[PDB]
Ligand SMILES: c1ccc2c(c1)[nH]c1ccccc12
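Let's start with one chain on its own, the form solved without this ligand, as structure tokens.
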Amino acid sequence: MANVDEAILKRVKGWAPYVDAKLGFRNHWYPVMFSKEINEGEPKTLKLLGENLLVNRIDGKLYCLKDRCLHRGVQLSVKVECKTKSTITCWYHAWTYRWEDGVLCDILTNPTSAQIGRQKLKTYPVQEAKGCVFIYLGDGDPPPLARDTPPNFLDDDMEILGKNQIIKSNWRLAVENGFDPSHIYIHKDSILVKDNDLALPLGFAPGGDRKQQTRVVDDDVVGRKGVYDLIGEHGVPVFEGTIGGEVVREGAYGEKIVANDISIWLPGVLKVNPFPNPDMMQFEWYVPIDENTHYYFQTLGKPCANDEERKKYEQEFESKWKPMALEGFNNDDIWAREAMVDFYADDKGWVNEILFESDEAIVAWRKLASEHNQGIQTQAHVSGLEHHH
């Protein structure tokens, strides 16, 4: 709330909460790194939803504390001092907190201080699943991780591999680009198309009514909320692009049929199936770091029944899928997102954009996100919630 000019929010009556969520949605799980990236007793720093956080692994378990001392607000990470296995001591005046509950249990500079045991540093739930580290950037008891994950990601036999990086664009631009039916046009020359013999249209000529363009999911048992892109169920795919009726570009006529099952889910994770191969799936998150950047958390999943298969998949991922798909295909998505930054940077693009038919999918997502998000992260959450009696 109060993230965007009220005049602008009053204009977008169909999805104001979404436009206001420049910092992301609070009270949702978010992947921030892979398990193998955080080692025992080796605290790591990160910024999520605008908040600086510290993550550490103690006796194998992950703990998350806000990286900001309660005293004078410095980042503990400037000079980490973990004097005991279960605690971290601020380098400034030695206020010491327990990783398990953030309680201020000691203060080396004043053992008699009345603050001892009467203050608590913010902590956030952390959970590891499929080799990924998820942090619940929210308050109170967290919901099951499954609620904030796409279908099948947590399947017992689904082997997950991936890559993560920081991209310079607001998370919403990333989400919309990923779920944008017609943006497929930017991938027409991707090495993956030719190299993996893909069938890939240039776009779609919609068919049927509005309701038929998507399937809004709000009745899932685990509580997940999302939208499926069904433009291809009544639409005629475009393989011959014309200008003035003359053919100037053609789509790809490969044999492999992929990405005909696309869905976006809160808090902001896309599921493309099957992709990049007929027997694989891609799940990618666009995690809010701050108003201008996000984590592009990419994962590819493929069923594996045992170690031999998991190992085989890993070798194929490193030598083919990572360079050819995650990079060779999605790299164009990265600069496309960056290209929309200016138009939306002053929040005016949310009013001036001129949409066309396929954007019906994006609109469905904006409405779903606005109605089922679990909270709007505000700058006040970052500095400290304010309230006057």
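When you see a residue number, it is the position in the sequence shown, counting from 1. Think of the rigid core as the biggest set of C-alphas that the two forms share within 1.5 Å after superposition.
- Mean CA B-factor, 70-78 versus 207-215: the higher value falls on 207-215.
- Of the two stretches examined, 55-63 and 348-356, the record assigns the greater average C-alpha temperature factor to 55-63.
- The top Cα temperature factor in the record, among 172, 271, 312, 183, falls on 312.
- The entry lists C-alpha B-factors for 263, 165, 177, 277, and the highest of these is at 277.
- When the CA B factors of the chain's modelled residues are split into thirds, the value for residue 327 lands in the middle one.
- For residue 38, the recorded CA temperature factor ranks within the highest third of the chain's modelled residues.
- Looking at the C-alpha B-factors along this chain, the one for residue 259 belongs to the highest third.
- Residue 24 sits in the lowest third of its chain by CA B factor, as recorded in the PDB entry.
- When the modelled residues of the chain are ordered by their C-alpha B factor, residue 285 lands in the lowest third.
FYI, the form deposited with this ligand bound isn't displayed, but the following is about it.
- Of the candidates 275, 265, 297, 134, 275 is the one whose heavy atoms come within 4.5 Å of this ligand in the entry with it bound; the others do not.
- Listed residues 180, 290, 128, 316 were compared with this ligand in the entry with it bound; 180 is the one with a heavy atom within 4.5 Å.
- Taken together, the three residues 148, 216 and 228 all stay farther than 4.5 Å from this ligand in the entry with it bound, as judged by their closest heavy atom.
- Note that among 58-66, 328-336, 23-31, 45-53, the stretch whose heavy atoms approach this ligand to within 4.5 Å in the entry with it bound is 328-336.
- Of the heavy atoms in residue 282, some are within 4.5 Å of this ligand in the entry with it bound.
- Proximity of residue 252 to this ligand in the entry with it bound: non-hydrogen atoms within 4.5 Å are absent; the residue sits far from the partner.
- When contacts are judged by a 4.5 Å heavy atom cut-off, residue 270 counts as touching this ligand in the entry with it bound.
- Remark: residue 167 does not count among the residues lining this ligand in the entry with it bound, judged by a heavy atom distance of 4.5 Å or less.
- No residue in 131, 207, 223, 117 other than 207 shows a CA shift of 2 angstroms or more between this form and the one not shown after fitting the rigid core.
- Here residue 72 does not count as shifted, since its C-alpha moves by less than 2 Å between this form and the one not shown after the core is aligned.
- Fitting the two forms on the rigid core leaves the C-alpha of residue 233 displaced by at least 2 angstroms between this form and the one not shown.
- Relative to this conformation, an increase of 3 Å or more in the Cα-Cα distance between residue 10 and residue 210 is found in the entry with it bound.
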